[PDB]
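The form deposited in one PDB entry is given below as one chain in structure tokens.
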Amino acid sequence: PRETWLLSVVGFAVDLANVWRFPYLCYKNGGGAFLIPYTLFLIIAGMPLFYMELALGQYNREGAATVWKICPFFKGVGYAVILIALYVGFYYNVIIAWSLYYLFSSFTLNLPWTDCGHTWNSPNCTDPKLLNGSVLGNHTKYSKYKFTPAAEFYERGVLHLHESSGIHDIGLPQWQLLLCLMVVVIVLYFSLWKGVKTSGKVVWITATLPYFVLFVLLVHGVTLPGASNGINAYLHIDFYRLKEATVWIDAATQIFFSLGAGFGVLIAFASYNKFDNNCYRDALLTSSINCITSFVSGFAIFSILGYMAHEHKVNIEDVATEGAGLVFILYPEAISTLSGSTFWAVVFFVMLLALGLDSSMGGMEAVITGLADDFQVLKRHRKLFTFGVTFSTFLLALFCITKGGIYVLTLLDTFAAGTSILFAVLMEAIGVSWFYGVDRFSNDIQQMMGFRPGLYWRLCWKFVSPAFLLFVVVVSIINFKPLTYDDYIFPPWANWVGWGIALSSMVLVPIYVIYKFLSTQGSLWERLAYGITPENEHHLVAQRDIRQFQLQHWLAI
């Protein structure tokens, strides 16, 4: 009785990651120096894996962990992606709480991020080109220009980060953000407690509104005084950055964040698709729009960065932060220039709130669907189970609504789904292409969509995707950089705590294999066969008909 389900694909393409995460990853890794790795990972890994995750859930009709009946030893990969989805939900909800606070603050004729006369603002808060306040001048620049009305509003007005000295002194949860976080978790609860398709209104709003706003920002941005300089930066490619490995790791993780692969969302979502649904069309369409949305997102962001650098008399590289709060500074700065700013402020933060809600809904659905498919008891107690998932997320999100929650969020955004998600998607590709068989997988898609995937897809699923995923995983560990939020440098123990979060999900795969073998009764050969054979044909193990014990299985594409 599984609840099987134009604007659908376009809404799926837009995500809090494409509108909030991509901009700062692009800004940090240079404008076009990030596009080259991003497009490569999308075509050789992102799009291929998106098609695999869609087909895996649409053929087995299962969530992230229960699709591993095809190869039992790999259920730890399903538990790992569900843990990653939970970790990301903690700080995703905090981004929605910021949008809710910004929305509530937008209902004023005078927006709070336009001038420096407020209580939160520090003496060091220069009004761009004396826009509102005309005092002194710009005679000094800063590594990160946090002395702008919009920056000061985000840092002091909303986060109260000025009250935290680091991840060692996070402080107490901010009450205004605690109220916003509670509204977010209440909306999330009543959007998931009665099922998966229970919530459709947010999906509809997050299908056209995001594109419309991006278009308005893009058209207005290109006409801003110094937008051209930003456009030039976006177009220029820094080849030296390509030699460095950071851009490649950032691009790969962003691909899985922007597409949703490696969180269990795609498999859980496709578990309710019709068996005949064309995953290939959906993969191509979503990936193509994601590439366009990401490109136009960076163009708009760099146009605003160009104007901001012109208005603040700073260099584009030093005009804004490269953290998770860049869109809460750049977009507010752009809305102010738009006539009828109050209207645009409300419309923009309504879009951010809506986009974040679906993003959090999909992640929590992956956790709920994944665990409910594993334990049918949780399927009959959804309202109670949803409460547990939402409440746990709210409590652990309380760490990021603290005066130093940006430091905790930077840590989570870097380790909750970095090497861990690349390792999980690598294990899934290896599990389906080598242990299960790309040939069997292709026959599965031939049964579902009526055609066997082309050699390009088969080669990517078995060799190209895994090889590139293995390279970025190894490079992530070999060339790991100490975590830093802007000027602040994290204490060494925070990096170890971050690696502990990363390993937490990664260790589930080895631990499950140990558990599966120990829990199995038989000879070492028999136990190994039971762990690699489809759980629908374990009788073949009794008859000694193991395809994985034949060299042709590993020689089949």
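The term rigid core refers to the maximal set of C-alpha atoms that superpose within 1.5 Å between the two forms. Shifts are known only where both forms have a C-alpha. All residue numbers are counted from 1 along the displayed sequence.
Below, we refer to the form deposited in another entry, which is not included among the displayed structures.
query: Once you align the rigid core, which of 138, 228, 342, 208 turns out to move its Cα at least 2 Å between the shown form and the other one?
result: Between the two forms, the residue that moves is 138.
field: Cα distance between residue 329 and residue 139, which in that other deposited form differs by 3 Å or more from this form, closer or farther
entry: Compared with this form, residue 329 and residue 139 lie closer in that other deposited form.
- prompt: How does the C-alpha distance between residue 212 and residue 131 change in that other deposited form compared with the present structure, closer or farther, given a change of 3 angstroms or more?
  reply: So the answer is farther.
- request: For a shift of 2 angstroms or more at every C-alpha, which runs of three or more consecutive residues qualify between the shown form and the other one, with the core superposed?
  value: Moving stretch: 129-142 alone.
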